[PDB]
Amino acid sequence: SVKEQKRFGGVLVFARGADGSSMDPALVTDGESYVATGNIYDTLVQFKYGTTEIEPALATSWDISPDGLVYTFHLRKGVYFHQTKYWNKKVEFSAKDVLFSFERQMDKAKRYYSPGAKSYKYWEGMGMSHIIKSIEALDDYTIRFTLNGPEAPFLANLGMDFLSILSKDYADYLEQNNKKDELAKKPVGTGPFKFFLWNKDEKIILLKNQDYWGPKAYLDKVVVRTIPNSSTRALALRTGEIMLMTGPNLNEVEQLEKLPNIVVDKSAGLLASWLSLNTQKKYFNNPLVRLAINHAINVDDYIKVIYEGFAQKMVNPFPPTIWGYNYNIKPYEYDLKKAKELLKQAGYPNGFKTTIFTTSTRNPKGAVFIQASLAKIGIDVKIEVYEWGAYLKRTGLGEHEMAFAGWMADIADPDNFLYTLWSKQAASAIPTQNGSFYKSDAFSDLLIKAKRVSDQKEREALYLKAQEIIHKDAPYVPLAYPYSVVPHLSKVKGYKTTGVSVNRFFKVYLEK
């Protein structure tokens, strides 16, 4: 089409607050890392851009047995892995690449990487080795999974970044050359962009993959810049040095949208932000302490200060844009007298000392707010600040007492929040994504039941009850569902703040 034709061509400069931590998405868990990897790699199934709807990707079709136990994927033929300066061989994707990508996580003998700090964090956290009984290549274009029990989220799981398809040929080549760590530095995928360069804490350059199997990307190039100061990042938008950015300072949004040629996209979001309380440590292992802390933080005021109103008060662990949200639970009320009383009841009538971890790129106001709110009940909070990679590492290891935490949905399913972040299974993995180390059998057993039936109303009933239990136990302080707020130049079209995996750039174009 002629109007379609006019979409093609150009360079997009995207800016964000913290660099990625790997080019192997199975080794990391964070959105910043997935900005690059989500454009480089495909999965068996994918999410239609702007949505939470499953559509075909490296599998063209699939069949699922009616007991939920067997999933057979028919693989797309004639898909090739990228060619770059570091990988020049042209190799067709096949079933062995699925086996490599999954089996390396499932079987410790096939881990690939040397013993060391690298960990398959999502795989471990989610208990994927409990879920999957076997994976078989029935021929070079057919993969069959057999499960130990029905798993309602499994199909959507297969669209997640950690289950990206890497190249076995490339991995074998690096192994022969004693360069296995390069699998996570110089990546090879099938997606609509290919890797060109990664300068740590500065920029990543992606180029269009002209051989992509799907609808070709519009853009020729994407520069993913790291500009840690959010005011500096907005100034770079205002000068046109960058074109699209995440993470604005929310007190600058009103100024930006007034300006020539700037649009600020806003939608409700699939995000949650909270305070982790390390329930295995002193003080925070006492529910009454937890509750006191919950009643001592005025979340309505926090939303005004920190978010300038661009958020909704958090009640349940996941946002109301996902089905199964319990609208019957009442948030805990701001009530200083009650908070102080709770602390007296717990045996801490003169409070205590503790520490909160925060990141360097968050607004510094947030930690200061929590410190000020908790000093009102005699809790003396020391603030420790870490850059993002360090923060992810130290909180993954349980170093914190309190820490800010956040999650963007990977899939539109309560399991992706409640089980991945709050289950016993998730707490058992080290490093962990269950930053509160919340261990409740009653809560976790309901989540397990809710995997084993597929009907949505049946699962909803179980998830409603689960939300009651975690509310009662208060292993955290819920803060906000932040709105997704993305300033960009008016000429940048096609980006969507809605759905999951939002930082895929294949549909973005520059208006001409």
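Start at 1 with the first residue shown and count on from there.
If you take the mean CA temperature factor per stretch, which one wins between 324-332 and 420-428?
Per the PDB entry, the higher value belongs to 324-332.
With reference to the PDB entry, specify whether the mean Cα temperature factor is higher for 4-12 or for 502-510.
For C-alpha atoms only, the mean B-factor is higher in 4-12.
Would you mind finding, among 410, 103, 341, 415, the residue with the largest C-alpha temperature factor in the entry?
Among 410, 103, 341, 415, the PDB entry lists the largest C-alpha B-factor for 341.
Residue selected from 187, 192, 319, 115 by maximal Cα B factor:
Comparing C-alpha B-factors across 187, 192, 319, 115, the maximum falls on 115.
Hey, what third does residue 459 fall into on Cα B-factor, ranked over its chain?
Bottom third by C-alpha B-factor.
Relative C-alpha B-factor of residue 453, binned into the chain's lowest, middle or highest third
Ranked within chain, residue 453 CA B lands in the highest tercile.
Rank-wise, by C-alpha B-factor, drop residue 144 into the lowest, middle or highest third of its chain.
Lowest third.
CA B-factor ranking of residue 213, expressed as a third of its chain
For residue 213, whose C-alpha B-factor we compare with every modelled residue in the chain, the answer is the highest third.
Just say lowest, middle or highest third for the CA B-factor of residue 473 relative to the other modelled residues in its chain.
Middle third by C-alpha B-factor.
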